[PDB]
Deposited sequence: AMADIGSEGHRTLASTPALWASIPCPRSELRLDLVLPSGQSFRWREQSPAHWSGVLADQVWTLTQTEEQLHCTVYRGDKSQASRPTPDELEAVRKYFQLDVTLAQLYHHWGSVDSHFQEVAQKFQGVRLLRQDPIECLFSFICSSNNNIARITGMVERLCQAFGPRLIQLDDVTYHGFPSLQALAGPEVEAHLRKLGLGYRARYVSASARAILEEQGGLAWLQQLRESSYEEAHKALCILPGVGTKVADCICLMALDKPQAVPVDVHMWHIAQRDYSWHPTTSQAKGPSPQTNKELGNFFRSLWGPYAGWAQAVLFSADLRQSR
């Protein structure tokens, strides 16, 4: 009862609610869709993970978003802690207004958005986002998720233990820059990305001015931010866009991957026009990104998550 992962039903007195209609958020579509790789549905309809250096389990009813925190006597999430949840899911942004707009300007979006509502963008931590996506290239969500777990367990602070699951905070820059980190990461199966992780942690801390340099990009322009990130090892056009969209408040950033190319070709009959290549290339990928922005507007990155997410269901 007092042990293991909690459920709304099993530990009633231990959950606080946040008004949130499923029309504004569908956890089952946001948490396992490749935005963040640290949430697990440990029990049906309940998702557990680390949010703001604390462990949480979240579940939702038709109109409520139920939250519970494990921190020292077990209490309820305070309205302050709940605020941390509101910021993570950027609940101030009205998903219904964006959907309305996108659907208005894009008949196909309208058609798809009808079956996949509640897909919004999480506002992630720069460091976690950076290395998680460095791990994402030329890889599948299943592996990435495992890789990111082993990584946090090996270099991240130990938080708390539920059942046989020990949660860890995300590794720090200093830890990731440590000696023999790449070697360790390889035995952990990160493949060649093991080097990227080490090299980018080192480069940030020893050549760019550390954490402040990264956090500063949030106030910077999208074009500036994306440009800066490309500097780092293992960070190409897509990874950079993922970071700008999900961690740097650059809502118009559109990550162009294999998924978005398929969608573009199949659902909009798109073809590169200012480029000679007919397939993915640095030129055509940049163009496709412009195409979606021109299609959905300032929040192109968010609209993207809707179709991307719905494309995963296949």
Stretches with no C-alpha position, numbering per deposited sequence from 1: 1-5, 77-79, 323-324
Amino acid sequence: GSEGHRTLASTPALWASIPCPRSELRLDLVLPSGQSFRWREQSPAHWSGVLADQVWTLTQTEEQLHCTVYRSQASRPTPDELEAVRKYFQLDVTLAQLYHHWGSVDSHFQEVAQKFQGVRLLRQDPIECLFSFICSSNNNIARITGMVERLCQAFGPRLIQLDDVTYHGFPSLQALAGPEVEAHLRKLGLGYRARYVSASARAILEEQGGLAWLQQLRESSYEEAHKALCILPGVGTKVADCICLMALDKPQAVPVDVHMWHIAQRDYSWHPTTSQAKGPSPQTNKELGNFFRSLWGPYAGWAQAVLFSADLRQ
From here on, numbers count along this sequence of modelled residues.
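The term rigid core refers to the most C-alpha atoms you can superpose between the two forms while keeping them within 1.5 Å.
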Stretch with greater C-alpha deviation in 5 other deposited structures of this protein, 158-166 versus 96-104 (rigid core superposition): 158-166
Rigid core superposition result in 5 other deposited structures of this protein, more deviant of 80-88, 133-141 by Cα: 133-141
300-308 or 15-23, whichever carries the higher mean Cα B-factor: 15-23
Given 159-167 and 216-224, the range whose Cα B-factors average higher in the PDB entry: 216-224
Deposited CA B-factor, highest of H108, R150, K115, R120: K115
Peak C-alpha temperature factor (PDB record), options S269, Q64, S48, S33: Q64
Assigned third (lowest, middle, highest) for the C-alpha B factor of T57: lowest
Third assignment of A253 from its chain's C-alpha B-factors: middle
Where the record places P126 (Cα B-factor, split into thirds across the chain): lowest
Lowest, middle or highest third - CA B-factor, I231: highest
Ranked C-alpha temperature factor of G289 among modelled chain residues, by third: lowest
